[PDB]
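Undergrad: structure here, sequence nowhere to be found:
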Ligand code: HEM
Ligand code: HEM
Ligand SMILES: N=C(Nc1cccc(CO[C@@H](CN)COCc2cccc(/N=C(/N)c3cccs3)c2)c1)c1cccs1
Ligand SMILES: N=C(Nc1cccc(CO[C@@H](CN)COCc2cccc(/N=C(/N)c3cccs3)c2)c1)c1cccs1
Ligand SMILES: C[C@H](O)[C@H](O)[C@H]1CNc2nc(N)[nH]c(=O)c2N1
Ligand SMILES: C[C@H](O)[C@H](O)[C@H]1CNc2nc(N)[nH]c(=O)c2N1
Ligand SMILES: [Zn+2]
């Protein structure tokens, strides 16, 4: 019932009680653990509503005040009547913040309470959605001094009228197969890239073509829009000691901004809720650049370094990996765009886990995702026991809208 | 019920039915995953079914299920349990059991090798001096002048819980740790405590940085005894680097034979509390963990100083640069002295083939992703992108408490 988590580097032991609030299921049972698996009515809504407003009013020291009872009353009235309800702005902000706070896979959560929330529930069209988004991009980019933020579109109603951003992130590079049979650009986005072509995006057919946004208001067919290049901050990647590096022609974008998730607050579903912060270096240099099914450049960098690529045991892949990641960080830092290294981020997240154990009674944490994809054991998250569990409010996955939409 | 696991690099999907044979608990529930937690006297009552399951498995492994020999063995085991309260395994069943404990080890990345395990039967052993002798033969067989061979030795099983065979050391070969008055540690910090027990018991400590610990061996519930392994049997490797000549001047070395001595082997309900086993090293175990953990030899600073990296900011990645060089050194040294070792690219690639083959022949392969993925360069090994399923099968290897915490001293 009360659970203990140990850090095996520092012997610090934390006690977790927060998990007893866990409502949703994990995928695991007593027989099988599924921790490495990437994805596992009016009746229903009031319970969810009450659960949320109770924790909101608790959070503001008014649990069991007339204001609380009245809201519980007012929302209850509104559900029985409309079959849904609306959040006050204050509830909205709290709920989005808390959905970040509860994201068990996010290493960046020491920041959870600095989130700018843009309320876009008044939006009706894709052109609206485009406006709101470009404003979010520009706010968040802040000429390189990046700021956390989320833009929230109207909540689901009967599910024939969903708002969706079809892009997986607002800012991502094009992917194209060639007769050749290999891939030009980013292979992760091949299918979406051809979706945009199929809608009429004239494609530069380059390595690093920023994709057009494809936006669906109110359940309609979605529409293309080019984010103004002036709003897309990009970084050329060079190395602080290897002059040839820049001639690999690498660049990446400054703002990571996820746009395909579903935000659940108090029973209500916000199918479009794009959010951004900034990058931990390894996301780019280890994952986007080196993954076999991504830009997959390790071979070519190793060549330029003249390393012995005959044997895996020369650790040439690993040598190249480090230098790439030095280059990503150096470039961002040189250009003054915010970025965090994996050492600093995980040091941060351990400080934060400790805060949340102390103030909240725990912290859901998914070790599989929290531990970076390079140098695992030399970051402190490696030696930290974590408990994973699901709290609401929450971000959740949802199915790619092309597999669901009707034209 | 059928379960699928996908690999996200290759889109290979696998199907799991083997987990239906799982009975032991994970620690997880529908509401909490415990997957990163390091660690989440039997009566006749519980013993016969455990014995029966095991022999049903042993007998289908040899294609004699339902056979007369299968049935007669059940009746013989059963009658022995209820007359003697326990039972003895035949040689063949002990072999098969130890092989399957490895095979069922979901945290082992080297299970490709499962079927090649030399099983020494030390169940005629009565005394500690007997134990030393069996261990020494193990260590010489397994070492094989640097051409390592996997082995396990299996002392008598538990009876009343008061006559246990234990090996007190955590590995058969490990370096001493000495906490100094100034609060620093000389040698290996992980073995400080055990080192302290050994001194108390009588060991004169050379007090250096790489002293091989003596064996501390309990037979038959008796107080344990101190033995020195013959150094001629302890194969060790000086660590040097192929380009950096100053590397050797750091004075590093390490032993070549990894051999776990503190786990409990369970086969058919039986508890074999001393079952040292040995294989060979994945390079990262030494290069990443043993040398560069903060709580172990912690050499990262001194390597990066010699390399004159920019240590003023973490974002130089001066740690990740030092870590790689040290790992290159460890693999280079071992290959140059012709001691078996495997790097983490090659070990993980082999595992992924093992794991697919197993899904095909066996219907599954329990696997602990937190453990299988190496502590450096995670995502550029193929295991990082492999979804795995973790569940527990018997026969199996288990943790047990350190014996100095439970042992009843006689004097
Ligand atoms: C401010 C700096 C931030 C940093 C440095 C950061 C860091 C990360 C990283 C590295 C991941 C793993 C991503 C991957 O491997 O694809 C992650 C996952 C995630 N973060 Fe953040 N984060 C930050 C801000 C945010 C914000 C503002 C939110 C929400 C408002 C958020 C919500 C998430 C969620 C939901 C996931 C997991 C998504 C999934 O399950 O696939 N993070 N975070
Ligand atoms: C032959 C070469 C072998 C290699 C390269 C190998 C590799 C590994 C490695 C790297 C680990 C993780 C160790 C750690 O993080 O401390 C491991 C775990 C393990 N392997 Fe092996 N292994 C080998 C042979 C064996 C043998 C012979 C057995 C037993 C017969 C065995 C049983 C285990 C067990 C029980 C674990 C997990 C222990 C725990 O939970 O603490 N392996 N394997
Ligand atoms: N085939 C896939 N499909 C796939 C199917 C289902 C789920 C996923 C999970 O996608 C994540 C993989 N790393 C990517 O999510 C993007 C993300 C989310 C949150 C934070 C991220 N990075 C940041 N710094 C932030 C973004 C927004 C605020 S901070 C990135 C992927 C692949 C995944 C990885 C390689 S292939
Ligand atoms: N306090 C601890 N003690 C501790 C307490 C309980 C469990 C553990 C886990 O033990 C392993 C830690 N890595 C040590 O196991 C050594 C091992 C086991 C199996 C295979 C290994 N390597 C080989 N290649 C083989 C050994 C024998 C056959 S193959 C090494 C450790 C710590 C953990 C982390 C920091 S301190
Ligand atoms: C199969 C495995 O769970 C999957 O590859 C995970 C592993 N850990 C990860 N961790 C992060 N942070 N991001 C990821 O995309 C993944 N991939
Ligand atoms: C807390 C966490 O589970 C612990 O640090 C684990 C992580 N993964 C590991 N993986 C292996 N192979 N060996 C280990 O000792 C550990 N330590
Ligand atoms: Zn689990």
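TA: Yep, it's here. Residues are numbered from 1 along each chain as shown, chains lettered A, B, ... in the order given. Ligands and ions are numbered 1, 2, ... in the order given.
Undergrad: only C-alpha atoms from now on, for both contacts and neighbour counts.
TA: Fine.
Undergrad: which bits of chain A sit near ligand 6?
TA: A:382, A:383, A:384, A:385 (Cα under 6 Å from any ligand atom).
Undergrad: from memory the second one sits against residue A:12, does it?
TA: No - if you go by Cα atoms under 8 Å, residue A:383 and residue A:12 don't touch, sitting 10.8 Å apart.
Undergrad: which one of these two has more residues nearby?
TA: The residue with more neighbours, out of residue A:383 and residue A:12 and counting by other Cα atoms under 10 Å in any protein chain shown, is residue A:383; that gives 21 against 11.
Undergrad: can you tell me how far the residue of chain A found nearest ligand 5 is from ligand 1?
TA: Chain A approaches ligand 5 most closely through residue A:369 (3.4 Å), counting by Cα to the nearest ligand atom. With distances taken as Cα to the nearest ligand atom, to the nearest Å, residue A:369 is found 6 Å from ligand 1.
Undergrad: skipping adjacent residues, who's closest to residue A:72 in space?
TA: Closest residue in space to residue A:72, ignoring its immediate chain neighbours: residue A:50 at 6.6 Å, by Cα to Cα, 6 or more residues apart in numbering or on different chains.
Undergrad: walk me through the domains of chain A.
TA: A:16-121+A:148-158+A:262-276+A:346-370, A:122-147+A:162-233+A:397-401, A:234-256+A:279-344 (curated CATH domains).
Undergrad: nearest to ligand 2, of these?
TA: domain A:234-256+A:279-344 (14.2 Å).
Undergrad: tabulate the domains of chain A (a markdown table), appending distance to residue A:4 and mean neighbour count.
TA: What follows is the domains of chain A, written out as a markdown table (distance: least, Cα to Cα, whole Å; neighbours: other Cα atoms under 10 Å in any protein chain shown):
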| stretch | distance to residue A:4 | mean neighbour count |
| --- | --- | --- |
| domain A:16-121+A:148-158+A:262-276+A:346-370 | 6 | 18 |
| domain A:122-147+A:162-233+A:397-401 | 29 | 18 |
| domain A:234-256+A:279-344 | 25 | 19 |
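Undergrad: output these as a markdown table; include the columns distance to residue A:8.
TA: Shown next, in a markdown table, are these (distance: least, Cα to Cα, whole Å):
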| stretch | distance to residue A:8 |
| --- | --- |
| domain A:16-121+A:148-158+A:262-276+A:346-370 | 13 |
| domain A:122-147+A:162-233+A:397-401 | 33 |
| domain A:234-256+A:279-344 | 18 |
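Undergrad: quick one on the thing from earlier: show me what contacts the residue of chain A closest to ligand 5?
TA: Neighbour list for residue A:369: A:105, A:106 [criterion: Cα atoms under 8 Å, 6 or more residues apart in numbering or on different chains].
Undergrad: tell me which residue of chain A is furthest from the middle?
TA: residue A:310 (38.2 Å; Cα atoms, centre = their mean).
Undergrad: what about the closest residue to residue A:394 other than its chain neighbours, which SS state?
TA: Using Cα to Cα, 6+ apart and skipping the chain neighbours, the partner closest in space to residue A:394 is residue A:99 (4.1 Å). Residue A:99 carries the three-state label helix when classified by DSSP: H, G, I helix; E, B strand; the rest coil.
Undergrad: distance of residue A:99 relative to chain B?
TA: In this view, residue A:99 and chain B are 18 Å apart by Cα to the nearest Cα, to the nearest Å.
Undergrad: now the helices for chain A?
TA: A:42-59, A:66-82, A:89-101, A:126-141, A:190-199, A:282, A:289-290, A:298-305, A:316-334, A:342-359, A:367-370, A:401-404 (DSSP state H).
Undergrad: which strands or helices does the third one pack on?
TA: The reference is to helix A:89-101. Applying 3 or more Cα pairs under 8 Å, 6 or more residues apart in numbering or on different chains; DSSP states H and E, one finds that helix A:89-101 makes contact with strand A:116-119, strand A:262-265, strand A:394-396.
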